[PDB]
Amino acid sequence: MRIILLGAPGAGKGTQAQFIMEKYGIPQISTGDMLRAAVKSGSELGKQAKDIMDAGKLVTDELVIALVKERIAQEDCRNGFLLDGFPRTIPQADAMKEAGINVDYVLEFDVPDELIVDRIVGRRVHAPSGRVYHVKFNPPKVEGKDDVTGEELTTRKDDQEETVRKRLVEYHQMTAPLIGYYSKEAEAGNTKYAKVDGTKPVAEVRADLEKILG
């Protein structure tokens, strides 16, 4: 099963990607996670994103498509994968087309723009795993620590109010067009498209998703 998650910054994509992964055994390929990791390792493919992500901007398509093709080539992806954060632009969606990567489901997480900045200021992450928490909406079982490893949670560098605003504008300009792109793909019979209400509580969003996927 191959799934794309689509949605504005902070719509809950990464939070739901951990449930789909654990419940359906398909790997989560998250380009934000792969790029923060590359920046942190000084990996030649991806360390270049450091300043772009800091500014709230999209990294070049050519770079991100290279990372994703590499990852899909690892033996875990031969039986499905979940794309979280990719495609992010119409060139990245076309590249998937050209390459024979068709998906089963595209899920749009809809959230109003006005909720995004407070979701993101309460966000705390366990960086090694990419697990994400919210101090109010979805807190860890022990404050400040990841549930699994007991390691201290941190804040992302690009999760301040002005970088989020910048990210919202780039989302509306470049990424929002993918809703029409893939809705056209669903019309043609090439994928299934399902929209979910990302304002519902985390567990409730989790339950709508089980109705769509099995």
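Numbers for residues come from their place in the sequence shown, where the first is 1. The term rigid core refers to the most C-alpha atoms you can superpose between the two forms while keeping them within 1.5 Å.
> Superpose by the rigid core: which stretch, 23 to 31 or 147 to 155, shows more Cα shift in 4 other deposited structures of this protein?
Comparing 23 to 31 with 147 to 155, the larger C-alpha deviation in 4 other deposited structures of this protein belongs to 147 to 155.
> Superpose on the core, then say which of 60 to 68 and 43 to 51 ends up with the larger RMS Cα offset from this form in 4 other deposited structures of this protein.
Stretch with the larger root mean square C-alpha distance in 4 other deposited structures of this protein: 43 to 51.
> Between 166 to 174 and 43 to 51, which has the higher average C-alpha B-factor in the PDB entry?
Here the higher of the two C-alpha B-factor means belongs to 43 to 51.
> Report the stretch with the higher mean CA temperature factor, choosing between 92 to 100 and 115 to 123 on the basis of the entry.
Between 92 to 100 and 115 to 123, it is 92 to 100.
> If I read the C-alpha B-factors straight from the PDB entry, which of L83, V132, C77, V106 is highest?
Comparing C-alpha B-factors across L83, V132, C77, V106, the maximum falls on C77.
> Looking at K23, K200, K195, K13, which one carries the largest C-alpha B-factor according to the PDB entry?
Answer, based on the entry's C-alpha B-factors: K23.
> When the modelled residues of the chain are sorted by Cα temperature factor, does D61 land in the lowest, middle or highest third?
Answer is lowest: the recorded C-alpha B-factor places it there.
> For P139, does the deposited CA B-factor place it in the lowest, middle or highest third of the chain?
Its C-alpha B-factor belongs to the middle third of this chain's values.
> Relative to the other modelled residues in the chain, which third contains the C-alpha temperature factor of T31: lowest, middle or highest?
Answer is lowest: the recorded C-alpha B-factor places it there.
> If you rank the chain by CA B-factor, which third does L5 end up in: lowest, middle or highest?
It falls in the bottom third of the chain.
> In terms of the chain's CA B-factor thirds, is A186 lowest, middle or highest?
CA B-factor rank for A186: lowest third.
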